[PDB]
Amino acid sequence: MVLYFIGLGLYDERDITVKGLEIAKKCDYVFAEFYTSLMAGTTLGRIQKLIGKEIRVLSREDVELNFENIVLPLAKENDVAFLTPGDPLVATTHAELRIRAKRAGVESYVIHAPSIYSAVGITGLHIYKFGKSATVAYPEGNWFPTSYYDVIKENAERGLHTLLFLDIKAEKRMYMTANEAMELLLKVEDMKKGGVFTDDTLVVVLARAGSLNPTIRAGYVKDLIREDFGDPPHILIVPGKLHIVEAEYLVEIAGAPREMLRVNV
């Protein structure tokens, strides 16, 4: 009669909380999805070994179209867990799944875990300063989406930072690199001409948040657009005007260029 939405955390199998693990171990059935994000520092096998339960993976269609006939039926007579990377309900559509549970007479509880939304705090950028967030999508066919560029413009205009998620093809396991993200934004700038993203724009790249050795880099596009940030996934941030302490942290921790202490503060 109970469904537990349990977050898996940022990087590897140890990013799940003690509460989430203990609850997952007591569940009769455990489902998981890895289409919204992928746990780059571990594997399904390692996660299954830690939880000590067989994990049935669900595709996007399984969830969005058939959550009520795949997961909920079992949650009516047993304790069921639904595992997701990061913090449950961060993914836009996930919250609605609790409404489906209700309508099916199934109770649901949420067990939180670290999310990139809060983990980006490791860049030294003040969390309260983040504005609306967005996702950089690949252009294709006759479709060139550029809304993420407008998001950056509006936030920046108000001195706010912009958290940018990069495109991902979970199934195909193909990621968009921060490098590719920068190339696309430069292309959009050439069309929009809004002076929002140029070779002189200061950006921050975060890779493998959650690991003991994440990659945190900050600098100007002209210098970072060809740098090697390691294996995906990458997160790109376009910070608004920086608080002095933010710039110093980037300089001291992320090896940012001295220049930003005077140019972007």
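Counting begins at 1, following the sequence as shown.
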Q | Entry-level comparison of average CA B-factors, 182-190 and 78-86, reporting the higher stretch | A | 182-190
Q) Which of the two stretches, 221-229 or 57-65, shows the higher mean Cα temperature factor in the record? A) 221-229
(Q) Looking at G195, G131, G124, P114, which one carries the largest C-alpha B-factor according to the PDB entry? (A) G195
Q: Could you say which of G45, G52, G210, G240 has its CA atom at the highest B factor, as listed in the PDB entry?
A: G52
**Q.** CA B-factor placement of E252, once the chain's modelled residues are sorted into thirds
**A.** highest
Q: Sorting the chain's modelled residues by C-alpha B-factor, tell me whether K172 ends up in the lowest, middle or highest third.
A: highest
Q: Select lowest, middle or highest to describe the third in which the CA B-factor of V30 falls within its chain in this entry.
A: middle
Q | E96, C-alpha B-factor rank within chain (lowest, middle or highest third) | A | lowest
Q | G159 - Cα temperature factor, lowest/middle/highest third of chain | A | lowest
